[PDB]
Structures are given as structure tokens and as C-alpha cells.
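Peer 1: would you be able to build a 3D model of this:
(7 chains, ligands or ions: 1)
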Amino acid sequence: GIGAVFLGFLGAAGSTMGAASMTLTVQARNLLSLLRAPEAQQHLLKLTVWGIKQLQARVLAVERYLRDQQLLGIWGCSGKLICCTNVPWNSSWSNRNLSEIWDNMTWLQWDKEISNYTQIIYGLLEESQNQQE
Amino acid sequence: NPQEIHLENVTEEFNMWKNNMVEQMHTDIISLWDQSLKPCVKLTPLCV
Amino acid sequence: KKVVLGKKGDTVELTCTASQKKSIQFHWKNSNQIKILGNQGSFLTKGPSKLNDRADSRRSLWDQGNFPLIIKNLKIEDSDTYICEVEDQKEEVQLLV
Amino acid sequence: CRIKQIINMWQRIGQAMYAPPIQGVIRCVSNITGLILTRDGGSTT
Amino acid sequence: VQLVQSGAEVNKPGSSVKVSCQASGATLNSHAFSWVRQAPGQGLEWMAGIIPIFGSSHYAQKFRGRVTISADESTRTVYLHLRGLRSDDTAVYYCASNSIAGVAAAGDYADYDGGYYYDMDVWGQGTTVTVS
Amino acid sequence: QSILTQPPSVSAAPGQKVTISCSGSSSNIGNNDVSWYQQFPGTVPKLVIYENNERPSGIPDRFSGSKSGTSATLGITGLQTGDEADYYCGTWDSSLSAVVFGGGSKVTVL
Amino acid sequence: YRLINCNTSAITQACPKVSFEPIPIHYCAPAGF
Ligand SMILES: *[C@@H]1O[C@H](CO)[C@@H](O[C@@H]2O[C@H](CO)[C@@H](O[C@@H]3O[C@H](CO[C@H]4O[C@H](CO)[C@@H](O)[C@H](O[C@H]5O[C@H](CO)[C@@H](O)[C@H](O)[C@@H]5O)[C@@H]4O)[C@@H](O)[C@H](O[C@H]4O[C@H](CO)[C@@H](O)[C@H](O)[C@@H]4O[C@H]4O[C@H](CO)[C@@H](O)[C@H](O)[C@@H]4O)[C@@H]3O)[C@H](O)[C@H]2NC(C)=O)[C@H](O)[C@H]1NC(C)=O
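Peer 2: Residues are numbered from 1 along each chain as shown, chains lettered A, B, ... in the order given. For reference, the structure is listed below:
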């Protein structure tokens, strides 16, 4: 079930980050989206390893989703898609014009941009959500 | 009901000769034939 | 730039060697870049050189990295240079009889 | 074609000897979708 | 690996005798079986032999027609039936076998009618067959 | 019925060398291999020499073999007293299309 | 150390004559991939 929406995020790649955040609002509603045969005693323990193997996926798709929103809920917001917080943006994190970011870059570019700094922001998002509490 | 999304405007660099799922197909076919075609006489060098 | 001497007829064992112990693909070429002997997975293969009937290798040593080349019936015209290409280590061994 | 009984395994390094061939007829309907060639660079054709 | 035979047999001439030879291994296809006999006090000779990895059988030229060999893979038993019982067949029989795996190092195409009986060491305990 | 011309008995004092000949045609020995088997009288026979010069595990190294021309020699250097058995040479005769044995060779201690 | 002994073993299983028709096997990716 949930593993369907884990891949539907990728429908907005290649577009620009101002447009992909707007598509995410439509995608927000789009992320709101049987073996009953005569089974012999040889089919009984074989169609049940086909049952557990699919049900080890449906719980992994749930347990990955709760391991996401446990990490978001550390950074103030739980369940918010678009969430902005009370940390000021440091200038040394690949300084660029704000029109030179939301208008002429795709989201995959930011993986290449700030991945040297992505761990540092995560500790700041913990601390400022801990300093404010 | 397979899920397939066409991605707009994206370019992407592949490589065929360094894929890491070809060595995962190679493993599960060693594991097929060894449990499939059980031979009468093997001769596997040990080389101690 | 190794040096290997033979007399005539005898078996020489030229050797390239990797550090992996997992039977990785190699080859063996000569100065005109014609294939002498090659590995294709788990089987041997020759190439259309003039050592195509005489060259050989030891199959059991590939699983420990050692990829030799064993030549029978040493004539005078095989006094050349030979190149083993494991993945990058294009080592050259020259031969004389 | 032949039907060998003493083959070289492609899996690891080693030989394998199998049972004799089956008694009846053996059909094979396969559709070739690919080659694997190799050149030989001389000094040309 | 050991081989157990069948029990000893007494008989009158003209009939047909059966001796079994069960193997302790996992299959018979790894072993080239062989049947030798010994008249009491006399030498040894080779009657027949079967190789199941090629389905081939072999008979000595003095024993054609009188001797047949069958092997059952599902029970791992080598069978011998001897037809035409006469006087000199008062002897002990033996089932022997060697490893067939020595022809993997042969020149590609082997010989699927040839003889790969050599230097066995898996002689069973024997069976005494006495005619009267 | 002995196609191989094995001598019926060889004899030497304990602690010496014996020879046992196995002479045949050019279709049983001149093209093929030889072997040797040991049998105590009453007990089951036992292979002692395989592939013309080798011994299985459990055989003393006094037993040596050779294949010369169309015949074969078995040599027991340093004969002991516990060798009271008889020997047979067994090859494959290609022309006769059967395994062929010898008449037997009963060694005797003196 | 150079001509090291390589014991070419021989394991013998129980070998029937079994059928062999390869079916298509397609590789899926786990959750989150
Ligand atoms: C590329 O892909 C194609 C697939 O599209 C592969 O083609 C396959 O090739 C294999 C190998 O030959 C075929 O398997 C064998 O097919 C034989 C022919 O069978 C057909 O004709 C007969 C007569 O008209 C029908 O009875 C058959 O119907 C059977 O199949 C249907 C499904 O289609 C089943 O539902 C039925 O119940 C039938 O069983 C086919 O239409 C066939 O003889 C063979 O079966 C024997 O062989 C195997 C071992 O090889 C035995 O285990 C089995 O039990 C049978 O053994 C009996 O018969 C033999 C005589 O041959 C005796 O010697 C035995 O002792 C025993 O008595 C098996 O079914 C396969 O059908 C075919 N696929 C097709 C055509 O779609 C290519 O191989 C592949 N390329 C490569 C390189 O792999």
C-alpha cells in the first residue's frame, strides 16, 4: 500500500524547484492513494511463504514511513509537507541568489550542491528545536 | 498492477559494464542450477 | 619488462598475478596486439595467433589469482613480447629461445 | 550438434559428468536475439 | 564405501541363479561395476561388468548369452543372472567396482562403448554358488 | 585359460626381493595399464597396486611396479612373513573386449 | 608454494533426469528504492 506513494514522489523530478513544490501539493492528494484457491497440503506451506514475503514488504513500507516522520518530528514539524523552521540560513552553504535557485535549478542539482553540508544542517535543526524547548 | 511513471525533462547517465544488479542476477542463477541440475559426478578443484 | 629465456620445445610458464583470489578475467596479447590466450568466465579461449595450437594455461590456478601461460614447442619466431592485461596491470614479459 | 555428458561448468571452475540422454525425442524452439563477436587486430580486414 | 551381496545359493544344473550386490553410496553412476568369480583353488577371471554412467555393459567372449547384468538405480543394487547352469559353476562370486571419474580428464569426446574397468578396490564379501 | 603368463609361484627367504612377471600381448599391456591384487586364501581379494606404480592408503611401500614393453614386473623388496597370500595381475584386453587376469602367483616364505 | 597441491575432489550427488524450462524472472526493488 504505502510503497506506492514512496515512488510517486519522483514524478516531479526534472522540473524546477518552484514548480515541483507546487506539484507536491497536488501530489499530496495523490499520495492519499488475494489467494482464495483450493490449496493442497503441498500448496499450503508454499502459498504461505508467498504470504509472509509480501507481508514483510507491507510492514517495511509502514516502518520506513514512521522512521521518516520520527526524524521530521525531531525538527519541529510532524506531518507537515512544506515546513519552514526558525534556523537562519548560513551564507557559507553554497551562496546563491534566491531567483538563481527556485527558477533555474532542478531538485537533483541540490543533491550535488549541499551534500557536503547536509549533515551540518541536520544537527542545527535538532539543536534549535532543542534550544527552543 | 505495476507502477510506472514517465519522468519529464530528466537526463541521466547510465553504465552497462559496471551495473551492480548483473552480479545479483549471476548469484541467483548459480543458486538456481546448483539446486536444479544436480550432477552425478562433480570435479571441483579445492587447491589447499 | 621481465626476461624469460628458453631453449627449444620446453614449457615456459610466463605469469601475471592479481591480488584478489576470485578468478577475474584476464587476457594475453603480443606486440602486434593479437590475442594469444584468454579467459571467458570459467572457460578458456584462444585467439587467432600463430601460437593458437601451442599455447595453454593451468585451469586450477585461476581461482587463486595466478593466471599463467604455458607454451609448448618453442620455435624461434615466438621470440617477442607478451602482455597480460588483468584489469589495468598491463605487464610485459619478453621471451627468447 | 552433439550431446556431451562430460561438460565444463560455467558456474565455477570444474567439470561435471551427467546421466545418459533421455530416450524419446528432444525438441527445441528458440529464437536467436543476439550474438557475441570478437575482433582480432592485425596490422587490414 | 562397502558392498553387501546376497545370500549363498545351492542349486541343480539347468536352472538360473541370481546374486545381488547392494552399494552403500548415493548413486551407482559414479562406479563401474564388475563381476568376477573364483572356482575353489583356481585362478580369477572376469565374467561381465556394467557402467551405468554410459548405460554400457560388457561381456567376456566365453560368457556371451549365458550371462546378463541388470542394475537398479532406485535400490542401488547390481543384479547378476546366469542362465545355463552347468557343473563347473561351483564357485564364489564377487562384485567389484572402481571410480568412474577418471575419464573427466579425457580428450573431450570419450568413448561411450569403450572399457573403463581398471584397478577396482570395492570388492564385496562374496557369494558362494554351488551346483549339484 | 591364463592369457597372461604369470608364473604360478615365486619364493624367497624373508627379507629379500621377489619379482612377479605378467607377460601379455600388445592389446592388454602394450596399450593399457596393469594392476595387482592380493588375496589371502578364503578372504576377499584386495587391490595392492593401481596405475602400474602406486599404492592405496594402507599398503607398505615395499611393493613396486613397472610396465616394460609388453610385460609388467611386480617387486616386493624386503619380503616379510605376513605376505602369505597370492597375487593376480589384471588388465583390460582391448582385442578380446574384456578384463583379463593372470593365472596367479602364490608367494611363499622360506 | 608455487606448484602447490590442488586436490581435485569429486562429490557425487544423486542425479535424476529432471526437466528444464526457464521461466522469466524479473527483479524488483525493495521499499524506498
Ligand atoms: C526458448 O523458449 C522455448 C519456450 O517457448 C523453449 O521451448 C521449450 O523447449 C522444451 C525443451 O524441449 C520443451 O519441453 C519439452 O517439450 C517436449 C515437446 O512437448 C510438446 O509437444 C508434445 C507433443 O505434441 C506435447 O505433449 C507437449 O505438451 C506438454 O506441454 C504442455 C505445456 O505446453 C503441458 O501442459 C502438457 O501437460 C504436456 O506435458 C508440448 O506441446 C516434451 O516432449 C517434453 O516433455 C518430456 O521431456 C521432459 C524432459 O525433457 C520430461 O521431464 C517430460 O516428463 C517429458 O518426458 C517424457 O517424454 C520424453 C520424450 O521426449 C521421454 O523420453 C521421457 O522418458 C518421458 O516419457 C517437454 O515438455 C518445451 O515444451 C518448449 N516450450 C514450448 C514449445 O513452448 C526453448 O527450449 C527455449 N530455448 C532454450 C535454449 O532453452
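Peer 1: make it CA atoms for all contacts and neighbour counts henceforth
Peer 2: Will do.
Peer 1: close to chain B: what parts of chain D are there?
Peer 2: Residues of chain D lying close to chain B (C-alpha under 8 Å from any C-alpha of the partner chain) are D:11-19.
Peer 1: just the buried residues out of the residues you listed, in PyMOL syntax.
Peer 2: In PyMOL, a selection of the buried entries from the residues of chain D next to chain B looks like this (16 or more other C-alpha atoms under 10 Å in any protein chain shown):
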select buried, chain D and resi 11+13+14+15+16+17+18+19
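Peer 1: and which of the residues of chain D next to chain B is nearest residue F:39?
Peer 2: Residue F:39 lies nearest to residue D:17 out of those, by C-alpha to C-alpha, at 33.3 Å.
Peer 1: how about the closest one: what's its closest non-neighbour residue?
Peer 2: residue D:6 (4.4 Å; C-alpha to C-alpha, 6 or more residues apart in numbering or on different chains).
Peer 1: right, and out of the residues of chain D next to chain B, which lies closest to residue F:105?
Peer 2: Using C-alpha to C-alpha, these come closest to residue F:105 at residue D:17, 38.0 Å.
Peer 1: can you name the residues bridging to residue C:91?
Peer 2: Beta-bridge pairing for residue C:91 (DSSP bridges): residue C:84.
Peer 1: what residues does stretch G:13-27 touch?
Peer 2: B:36-41, D:18-19, D:22, E:26-27 (C-alpha atoms under 8 Å, 6 or more residues apart in numbering or on different chains).
Peer 1: residues contacting the residue lying closest to residue F:8 once chain neighbours are set aside?
Peer 2: The shortest distance from residue F:8 to any residue other than its chain neighbours is 4.6 Å, reached at residue F:105 (C-alpha to C-alpha, 6+ apart). Counting by C-alpha under 8 Å, 6+ apart, residue F:105 makes contact with F:6-10, F:20, F:86-88.
Peer 1: and if you look at residue A:1?
Peer 2: So residue A:1 contacts A:58, A:61 (C-alpha under 8 Å, 6+ apart).
Peer 1: now swap in the one 3 residues further on and tell me
Peer 2: With contacts defined as C-alpha under 8 Å, 6+ apart, residue A:4 is in contact with A:33, B:3.
Peer 1: rerun at 10 Å
Peer 2: For residue A:4, the contact set (C-alpha atoms under 10 Å, 6 or more residues apart in numbering or on different chains) comprises A:31, A:33, A:61, B:2-3, G:31-32.
Peer 1: now swap in residue A:92 and tell me
Peer 2: By C-alpha under 10 Å, 6+ apart, residue A:92 lies in contact with residue A:117.
Peer 1: likewise residue B:39?
Peer 2: Taking C-alpha under 10 Å, 6+ apart as the test, what residue B:39 contacts is B:33, D:16-19, G:11-17.
Peer 1: helix/strand/coil for whichever residue of chain G sits closest to the ligand?
Peer 2: In chain G, the residue that lies nearest the ligand is residue G:19 (4.3 Å; C-alpha to the nearest ligand atom). Three-state assignment for residue G:19 (DSSP: H, G, I helix; E, B strand; the rest coil): coil.
Peer 1: and residue 11, how many neighbours?
Peer 2: No chain specified, so I'll use chain A. 17 (other C-alpha atoms under 10 Å in any protein chain shown).
Peer 1: I was after chain G.
Peer 2: 11.
Peer 1: how about the one 3 residues further on?
Peer 2: When neighbours are counted by other C-alpha under 10 Å, residue G:14 registers 15.
Peer 1: what's the answer for residue C:69, then?
Peer 2: Residues near residue C:69, counting by other C-alpha under 10 Å: 22.
Peer 1: most neighbours among the contacts of stretch G:13-27, which one is it?
Peer 2: That'd be residue B:41 among the contacts of stretch G:13-27, by other C-alpha under 10 Å, with 26 neighbours.
Peer 1: got a list of what the closest residue to it other than its chain neighbours touches?
Peer 2: Nearest non-adjacent residue to residue B:41, counting by C-alpha to C-alpha, 6+ apart: residue G:12, 4.7 Å away. Applying C-alpha under 10 Å, 6+ apart, we find residue G:12 in contact with B:38-43, D:16-17, E:25-30, E:101.
Peer 1: those strands in chain F, which residues are they?
Peer 2: Ranges of strands in chain F, per DSSP state E, are F:9-12, F:17-23, F:36-39, F:46-49, F:63-68, F:71-77, F:86-89, F:91-93, F:98-100, F:105-109.
Peer 1: oh, that last question was meant for chain E, not what I typed.
Peer 2: Here chain E has its strands, by DSSP E, at E:3-5, E:9-11, E:16-23, E:31-38, E:44-51, E:56-59, E:67-72, E:77-83, E:91-99, E:127-131.
Peer 1: could you dump these into JSON lines and include distance to chain G and mean neighbour count?
Peer 2: Below are the strands of chain E laid out as JSON lines (distance: least, C-alpha to the nearest C-alpha, whole Å; neighbours: other C-alpha atoms under 10 Å in any protein chain shown):
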{"stretch": "strand E:3-5", "distance to chain G": "17", "mean neighbour count": "19"}
{"stretch": "strand E:9-11", "distance to chain G": "32", "mean neighbour count": "13"}
{"stretch": "strand E:16-23", "distance to chain G": "13", "mean neighbour count": "19"}
{"stretch": "strand E:31-38", "distance to chain G": "10", "mean neighbour count": "23"}
{"stretch": "strand E:44-51", "distance to chain G": "15", "mean neighbour count": "23"}
{"stretch": "strand E:56-59", "distance to chain G": "18", "mean neighbour count": "19"}
{"stretch": "strand E:67-72", "distance to chain G": "13", "mean neighbour count": "17"}
{"stretch": "strand E:77-83", "distance to chain G": "15", "mean neighbour count": "19"}
{"stretch": "strand E:91-99", "distance to chain G": "10", "mean neighbour count": "22"}
{"stretch": "strand E:127-131", "distance to chain G": "28", "mean neighbour count": "19"}
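Peer 1: perfect, that will be all.
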